[PDB]
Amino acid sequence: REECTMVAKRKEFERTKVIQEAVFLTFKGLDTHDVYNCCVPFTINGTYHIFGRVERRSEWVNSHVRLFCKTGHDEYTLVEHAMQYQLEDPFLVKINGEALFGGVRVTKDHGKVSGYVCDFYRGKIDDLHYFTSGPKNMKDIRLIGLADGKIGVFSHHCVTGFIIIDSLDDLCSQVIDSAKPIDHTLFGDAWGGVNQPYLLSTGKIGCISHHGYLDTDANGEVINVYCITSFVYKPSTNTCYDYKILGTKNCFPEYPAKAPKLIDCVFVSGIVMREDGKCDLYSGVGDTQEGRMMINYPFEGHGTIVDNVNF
């Protein structure tokens, strides 16, 4: 259906959105590099931190992930001592009292990218231990602690899958590869994936996601459009609800993208609940910045967030 195409959904979003606060985070200690595509802000002993993807603006395929400490409103400072990771697009959740951290590891052969895989780390936030990779050339793998203490795994074949495992000791390439597709009815032509899953008070999973479509520029060159989206997943019936767009690159202030094909690209990090009804939505913007924008709580009618990333 025309209405169910992502371009149409995005057009209606731009016409109906409520303009509120939208800013870029300031990063200190690493002036040589951009910081973008962060994990969700999280706390260590009460203090906010974030893992950022760091890359020189002119460099491709040379990303690291570094730890930053909140030092002021919308301000994060490099933790100089902290472990660096040779990864892209970091993500973080708490699973059964321990940190589960991951990102994408790029392999090269003869100076060219030859493949990639997701690397997963567990343990105490201050001493993360690599323990398993996912399937060859699979990214957008995300984990969520369920109400019963089991773990929901979202897979990406672009088809999103789901499977329940008993514990992190069961995570491996075979079980991620075996996940069965979720109901795709709500998404029409959209491709994308989950970025941050939240256990809700109903036992449903609130998903902060990215979905995209293709546009062309004036020369007929492709523009990889990505929007910040959300939906709610009900594991028991394998059903989704309330798929919507939360934000686009043009919701944040004008700022150069890393390349022309990314001029309409945001890659979400996650939400933080504020001491008002509302959420702070964190996102990578144009593969050069991390932004924060105020939104309404996006899982209304499906319960409150009942998990946390407080370590």
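Note that residue numbering follows the sequence shown and begins at 1.
Gap check for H157 to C158: 4 to 9 deposited residues are absent from the model. The mean C-alpha temperature factor is higher for 29 to 37 when 262 to 270 and 29 to 37 are set side by side. Here 273 to 281 and 41 to 49 are compared by their mean Cα B-factor, and 273 to 281 comes out higher. Of all the options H184, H110, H129, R142, the entry's greatest CA B-factor is assigned to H184.
The PDB entry gives the largest Cα B-factor of the residues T229, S133, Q196, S167 to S167.
Compared with the other modelled residues of the chain, the Cα B-factor recorded for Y297 ranks in the highest third. Compared with the other modelled residues of the chain, the Cα B-factor recorded for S114 ranks in the lowest third. Among the modelled residues of the chain, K249 sits in the lowest third by CA temperature factor in this PDB entry.
Per the PDB record, residue ranking by Cα B-factor puts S209 in the lowest third of the chain.
Annotation for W191: CA B-factor lies in the highest third of the chain's modelled residues.
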